[PDB]
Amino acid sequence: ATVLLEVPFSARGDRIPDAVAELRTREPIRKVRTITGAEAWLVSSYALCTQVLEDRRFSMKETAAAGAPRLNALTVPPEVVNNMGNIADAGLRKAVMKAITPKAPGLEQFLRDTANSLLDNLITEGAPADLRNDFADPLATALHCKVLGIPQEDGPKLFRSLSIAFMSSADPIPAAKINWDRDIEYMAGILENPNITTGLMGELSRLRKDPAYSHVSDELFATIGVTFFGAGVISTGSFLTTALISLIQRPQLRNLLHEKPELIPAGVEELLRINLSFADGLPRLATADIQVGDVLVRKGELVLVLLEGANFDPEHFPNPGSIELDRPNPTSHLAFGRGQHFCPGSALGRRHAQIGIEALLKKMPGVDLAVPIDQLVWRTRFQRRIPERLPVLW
């Protein structure tokens, strides 16, 4: 006898398990057991993943309900699971989304300067260099301090919350509440700090004192800062890191993008499509009985939308494991989700990766792994898949 199939299948971010394609072909929605012991429906085809994400009766907010089957333990207060809904109800969605576009004058040049300085320091120190800890993550942290309007010198401490905040744990995490409360206190202080006049926090600070927002809570304002810093930094740092592995693995593509940087946006779009950064399916709780493929999902059941299921589906992306810069449907992947909860930072995440890669290829055109790929250490029980270190030479 065997036990019910357990998710996640693998913490490795450098290869997709053969099991994904087998499930997609034979059982594109099928029952699995999560790390908490709960049962869930794992959805692994493009067509069914899109159906789930585009039907709001598969609810994000209700995943936080007491007694629900859980993918993993909450690491934030349950109301924060509905963060974007709370932002919209407060009348803040347009202002938040304007503050986090990569369009602020000087932002791209800031990103370019920061990337180049980080790379110069690695060259001075000599190979091997760690492109996660000493390039991709600092670049993500610096970008998000700039976008939020907060001091660069505060970035490192805020960053150090993230290896716990973004755990994917079977049980509640005591350190997560310690760090959450401290970071909330920090952002609350930022809102009262007269030096903070730019970026997302500068704008929130002004709206907070505007009569049209006098009954929006100070807790929500601080929460926006904590959640956008954390989600943005973890997502961009982790995506860039694993994208760099996929690029290093492909010397022909590396050289092409070095020789024609105008193709970097199309290359980043394919790197997004093939990215394994999300460690778990996206969770949703059914609020009605809904037919998904051959399965009638019942009200109250947990559904997990496997992004690499959709993004490697050959019915939608032929030759799915190959980076092709000339696909006719290049942005139709689900790397940023789909529907009501589509990533509000998508443009910023694209630009972070594009500029980081452009700078790396100019400074280190011969970049290559400094260890055999099987020597990378894949973080476990985390909401992203990332190597603990990414050692390179050039």
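Heads up: residue numbers just count along the shown sequence, starting at 1.
Comparing 163 to 171 with 97 to 105, the stretch with the higher mean C-alpha B-factor in the PDB entry is 97 to 105. For the segment pair 65 to 73 and 25 to 33, the entry gives 25 to 33 the higher mean B-factor, averaged over Cα atoms. Note on the listed residues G202, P156, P283, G300: the highest Cα temperature factor in the record is that of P156. Out of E270, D120, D137, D313, the entry records its largest CA B-factor for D120. Annotation for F278: C-alpha temperature factor in the lowest third relative to the rest of the modelled chain, per the entry.
Per the PDB record, residue ranking by Cα B-factor puts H352 in the middle third of the chain. Ranked by Cα temperature factor within the chain, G337 sits in the lowest third according to the deposited record. Remark: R384 belongs to the lowest third of its chain, ranked by C-alpha B-factor as recorded. Ranked by Cα temperature factor within the chain, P251 sits in the highest third according to the deposited record.
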